[PDB]
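Only one chain is shown below, in structure tokens, and it's the form deposited in one PDB entry.
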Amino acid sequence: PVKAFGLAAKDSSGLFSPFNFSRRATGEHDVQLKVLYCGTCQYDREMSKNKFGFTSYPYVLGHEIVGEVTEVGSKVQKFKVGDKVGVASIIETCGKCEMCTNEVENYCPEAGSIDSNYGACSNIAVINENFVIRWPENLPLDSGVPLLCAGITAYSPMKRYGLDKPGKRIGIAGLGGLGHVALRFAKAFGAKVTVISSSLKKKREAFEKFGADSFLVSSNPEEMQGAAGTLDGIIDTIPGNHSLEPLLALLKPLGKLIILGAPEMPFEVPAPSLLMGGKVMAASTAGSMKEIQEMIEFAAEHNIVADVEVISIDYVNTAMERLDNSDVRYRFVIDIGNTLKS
């Protein structure tokens, strides 16, 4: 019913092009919004090329969204026309399951992603009110929008596994985009932060602007050994193949390794690397609506943003190529509001 336009790919090459379609009318509990900025990452490139078998074409990307409310339904009280809002990857769930009723609905077995019925790299989106967040006034929209993907991904497990308290010794493994964001949250929580990287080229970048308290080169066995058994937890953001044994060795007994990337090679985990000290390894995906709300207010309070490269709608194909397996520091953010046209 409501006319819309955006970018879509016709096949698994992942090449996007201008695409007309339509969205539903603003129902009783829905929020229509004009999209202002569309944050972009690996997920988009992988979905565009059907990496996981479940993409259907034509495919419109867009899972990290900030925008301005254009309509609200008759029952919607939380939001009004003109409000700045955010939308994350998950926009519907079943509502009945244990994960849904305990407000950890990001883990609903039947969770529906925003890009399944056309993503929001598009002029307008329409989203059920319970999956929209009120954007804080003190947070920029362009450099803030990636907090809805990278930010929540780090934030959720940091809260869940108690890696969020002053004086915790927290490792960050990998310092791409995702790692930079996780690092900024760890600092804001008042943690003593160690960056673990495979190269000295990253040391200055780690230390900059009241960042890391320590830096470990993972290929230096003297440094890694010196830090054995010292960390309360590690946020592992490394996207490609790596061993978990050297990270597990940095943990204190009972410490926690949180895995956020999805490397192709399975991890090899000798039982002793967990048994010695009763260590924990856990993974995590995205976060709940309650967590995203708490997360974005915390970002605002502590002035946390992502490093971004802002782009026009024309540059999306080239960006896709460039972000592929790169976990780039300056996350590509599309200025939908100013550059997308009919």
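The first residue of the shown sequence is 1; numbering continues from there. Rigid core: the largest C-alpha set superposing within 1.5 Å between the two forms.
Asks: Report the stretch with the higher mean CA temperature factor, choosing between 211 to 219 and 68 to 76 on the basis of the entry.
Replies: For C-alpha atoms only, the mean B-factor is higher in 68 to 76.
Asks: On average, which has the higher Cα B-factor in the deposited entry, 99 to 107 or 233 to 241?
Replies: The recorded data point to 99 to 107.
Asks: Just grab whichever of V145, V126, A227, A271 has the top CA B-factor as deposited.
Replies: Comparing C-alpha B-factors across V145, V126, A227, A271, the maximum falls on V126.
Asks: Have a look at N50, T285, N303, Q293 and flag the one whose Cα has the highest B-factor in the entry.
Replies: It is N50.
Asks: Sort the modelled residues of this chain by their C-alpha B factor and say whether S116 lands in the lowest, middle or highest third.
Replies: Tercile = highest for this residue's CA B-factor.
Asks: Based on the deposited C-alpha B factors for this chain, I'd like to know if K279 is in the lowest, middle or highest third.
Replies: Its C-alpha B-factor, which the entry lists for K279, ranks in the lowest third among residues of this chain.
Asks: In terms of the CA temperature factor given in the entry, to which third of its chain does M158 belong: lowest, middle or highest?
Replies: Bottom third by C-alpha B-factor.
Asks: Considering every modelled residue of the chain and its Cα B-factor in the PDB entry, is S122 in the lowest, middle or highest third?
Replies: Highest third.
Asks: Which third of the chain does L141 land in by C-alpha B-factor: lowest, middle or highest?
Replies: Within its chain, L141 is a middle-third residue by C-alpha B-factor, going by the deposited values.
Although not depicted, the form deposited in another entry is the subject of the following passage.
Asks: Spell out whether the Cα of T285 moves at least 2 Å between this form and the one not shown when the two forms are superposed on their rigid core.
Replies: It does not reach a 2 Å shift.
Asks: Would the C-alpha of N130 be classed as shifted by 2 Å or more between this form and the one not shown after rigid-core alignment?
Replies: No, shifts by less than 2 Å.
Asks: Superpose on the rigid core, then tell me if the C-alpha of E223 is displaced by 2 angstroms or more between this form and the one not shown.
Replies: Yes, shifts by 2 Å or more.
Asks: Given a CA distance change of at least 3 Å, are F189 and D327 closer or farther in that other deposited form?
Replies: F189 and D327 sit farther apart in that other deposited form.
Asks: Pin down for me whether the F52-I259 Cα distance shrinks or grows in that other deposited form relative to this form (closer or farther, change of 3 Å or more).
Replies: Relative to this form, closer in that other deposited form.
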